[PDB]
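Data block below; observations after.
Numbering (the working numbering), first residue to last: 33 to 220.
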């Protein structure tokens, strides 16, 4: 065919019931994730091709960057709770990978302050039980597909995007092929 299991995607031999429709995993420590967000705008181009009613989920992971990795998963939980994903994603990536000015939870906090979230409300979110269960969700979803690498995308709890099986000569063409694959899998 044109889309083949093992080629643009793989199939989970252990499918995950009740999973988010489009589920993306990343780490602010992850170099291809930086590309995916900053150069390729994968998430955004996928959304643009997704059908009516399809919700998109993105979670952070713990298995990169040790102690700071976990802080970043909690901070992403804070970002999701406050709905400020689009204001911190770029400075977190650049603070971790470009300028390397993020070395502690306090430096992560600074990024939110500079993006205009108030100290009081950041610290309240950070310590909140709603953020705790939001961290729990991120971990459980990763555990469900027994995730050992990022970037990763899963469709309908049963298909996993396979970007190595796509041409990378042209970055634009790579993205469209990627988003079209997500759309195809979505309609399966």
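Where a beta carbon is used, it is the ideal one built from N, C-alpha and C, also for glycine.
Asked                                                                                                                                                                    : Found
Tell me the rounded alpha-carbon separation between residue 174 and residue 67.                                                                                          : 21 angstroms
Closer than 8 angstroms by C-beta to residue 75: which residues in its own chain qualify, once you throw out the five before and the five after it? Chain order, please. : 56, 68, 69, 88, 90
With H, G and I counted as helix, E and B as strand and the rest as coil, what does DSSP make of residue 37?                                                             : strand
Please report how far the alpha carbon of residue 38 lies from the alpha carbon of residue 114, in whole angstroms.                                                      : 38 angstroms
Who pairs with residue 200 in a beta bridge, going by DSSP?                                                                                                              : DSSP output for residue 200 lists no bridge partner at all.
I need the straight-line Cα distance from residue 145 to residue 35, nearest angstrom please.                                                                            : 45 angstroms
If you check the beta carbons only, do residue 98 and residue 189 fall under 9 angstroms apart?                                                                          : no
Let's test the definition: count the other Cβ atoms within 10 Å of the Cβ of residue 211 and tell me whether it reaches 16, buried, or not, exposed.                     : buried
Taking the C-alpha atoms as reference points, what is the distance between residue 126 and residue 52?                                                                   : 28 angstroms
Tell me whether the beta-carbon of residue 100 lies closer than 9 angstroms to the beta-carbon of residue 137.                                                           : yes
Quick check for students: name the residue ranges of the alpha helix (DSSP H) that lie wholly in the segment 117-173, counting only runs of 4 or more.                   : 117-125, 137-146, 151-159
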